[PDB]
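In: opening piece of a complex, kept in its complex position:
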Amino acid sequence: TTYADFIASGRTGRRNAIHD
């Protein structure tokens, strides 16, 4: 499932902004 793929990803915690 997509849910299971999300939860297994490295991007489930707070996401930091990128700068230039």
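Out: Right, received. Where do you want to start? Residues are numbered from 1 along each chain as shown, chains lettered A, B, ... in the order given.
In: what's near enough to touch the residue nearest in space to the middle of chain A?
Out: Against the mean C-alpha coordinate of chain A, by C-alpha atoms, centre = their mean, the closest residue is residue A:11 at 1.8 Å. For residue A:11, no contacting residues are found, by C-beta atoms under 8 Å, 6 or more residues apart in numbering. Backbone N, C-alpha and C define where each C-beta goes, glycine included.
In: check which helix or strand it maps to.
Out: For residue A:11, there is no host helix or strand (DSSP states H and E).
In: swap in residue A:7?
Out: Assigned by DSSP H and E, residue A:7 falls in helix A:2-8.
In: show residues contacting that helix.
Out: By C-beta under 8 Å, 6+ apart, helix A:2-8 touches residue A:12.
In: and that helix, how far out from the chain middle?
Out: Centroid separation between helix A:2-8 and its chain, computed with C-alpha atoms, centre = their mean, to the nearest Å, is 9 Å.
In: for it, which positions count as buried?
Out: The neighbour-count check on helix A:2-8 (16 or more other C-beta atoms under 10 Å) flags nothing as buried.
In: CA atoms only: put it into CSV for me.
Out: Written as CSV, here are the backbone C-alpha positions of helix A:2-8 (Å, rounded to 0.1, in the frame of the first residue of the first chain):
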residue,chain,number,x,y,z
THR,A,2,1.0,3.7,-0.5
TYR,A,3,0.6,4.2,3.3
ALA,A,4,3.1,1.4,4.0
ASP,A,5,5.5,2.9,1.4
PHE,A,6,5.2,6.3,3.1
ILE,A,7,5.8,4.9,6.5
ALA,A,8,8.8,3.0,5.3
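In: throw chain B onto that model:
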Amino acid sequence: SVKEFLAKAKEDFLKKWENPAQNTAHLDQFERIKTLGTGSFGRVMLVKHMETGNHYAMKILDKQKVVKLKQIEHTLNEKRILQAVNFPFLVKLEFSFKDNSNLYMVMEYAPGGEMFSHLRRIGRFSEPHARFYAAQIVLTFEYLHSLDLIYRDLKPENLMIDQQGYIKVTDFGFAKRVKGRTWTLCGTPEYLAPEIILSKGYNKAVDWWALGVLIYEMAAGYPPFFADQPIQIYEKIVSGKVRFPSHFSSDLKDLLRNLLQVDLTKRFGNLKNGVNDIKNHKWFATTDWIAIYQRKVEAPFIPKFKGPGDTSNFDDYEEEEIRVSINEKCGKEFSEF
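Out: So, slotting chain B in with the rest:
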């Protein structure tokens, strides 16, 4: 009437945009309680104003780190903009000041925590629940955009829940006043509009794309475009192929197809009727917009808090000391802060 409010709001904004307030408090007036959040650029701490007992959230920015990371102009944008706006769903800037080492912005505390926390724990929000939050963002963007402001960092991490269950947008670190076009690659990868990543030049329409991402995330529990590394996310974004979960209503799916529209000439919020194409969409038909604005709608989620200064809706962070040099660092770079 909305238009009469907006013109009276633009007259207040402008006056403060042209003549910003500076140096309205000092560090020694505040007791430091706890770190509530950390950041690429700085940290936010729960703070008590000793003489009144009032609790605030204080953003502390290390001036030298700001210079290193080349965010001088964005940081001046942030404070300049924040002291000039006033709207129910924006955090209020109460005080700002600086010292030898740091910049400080003392803001309204929202004890309900980040939307992010409640979202990941619960998994996803019902459509009515998502809609209650989305309508507050719609109005906030209607206000911001009328002042020529682009927000550029919408995500659950920057949406706080107040005592009544309503939203406060925090963190204006990428907000910018622009008529016309701008070019900075900034934001959070999952929330970047295709224009941004293709280096085309972009406008306020990027915020309506991000509203699409936010509604999708709130209602699905995961964002429409994800992967382990940023470059993979950008691929999916520009291709613009979205899958909707089965449980999304067809009205939701249709709104989201119009918000997550790669071609900015067909993107809702950016057409001749502007914000009205969103507010009049069938997914918002039960929404009383003036009642949201007045905060007369009861919230589907009111967070449990035992007293002001309670932090149980926040994660724990490692505490650091606030070091203040005896020599002034980067004086002329932040002279206007």
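In: the contacts of helix A:2-8 with chain B there, same question as before?
Out: A:12, B:221-222, B:226, B:243, B:245 (C-beta atoms under 8 Å, 6 or more residues apart in numbering or on different chains).
In: and the residue positioned nearest the centre of chain B, what does it touch?
Out: Centroid-nearest residue in chain B: residue B:169, 3.9 Å away (criterion: C-alpha atoms, centre = their mean). Residue B:169 makes contacts with B:89-91, B:137, B:140, B:151, B:154, B:158-160, as judged by C-beta under 8 Å, 6+ apart.
In: from these, which is closest to residue B:205?
Out: Residue B:205 lies nearest to residue B:151 out of the contacts of residue B:169, by C-beta to C-beta, at 11.7 Å.
In: state the distance from the closest one to residue B:203.
Out: 12 Å (C-beta to C-beta, to the nearest Å).
In: got a markdown table for the contacts of residue B:169, with secondary structure too?
Out: Shown next, in a markdown table, are the contacts of residue B:169 (DSSP: H, G, I helix; E, B strand; the rest coil):
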| residue | secondary structure |
| --- | --- |
| B:89 | coil |
| B:90 | strand |
| B:91 | coil |
| B:137 | helix |
| B:140 | helix |
| B:151 | coil |
| B:154 | coil |
| B:158 | helix |
| B:159 | strand |
| B:160 | strand |
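In: give me the subset of these touching chain A.
Out: Applying C-beta under 8 Å from any C-beta of the partner chain to the contacts of residue B:169, one finds that nothing falls near chain A.
In: from those, list just the buried residues.
Out: By neighbour count, with 16 or more other C-beta atoms under 10 Å in any protein chain shown, the contacts of residue B:169 hold B:89-91, B:137, B:140, B:151, B:154, B:158-160 as buried.
In: noted, bye for now.
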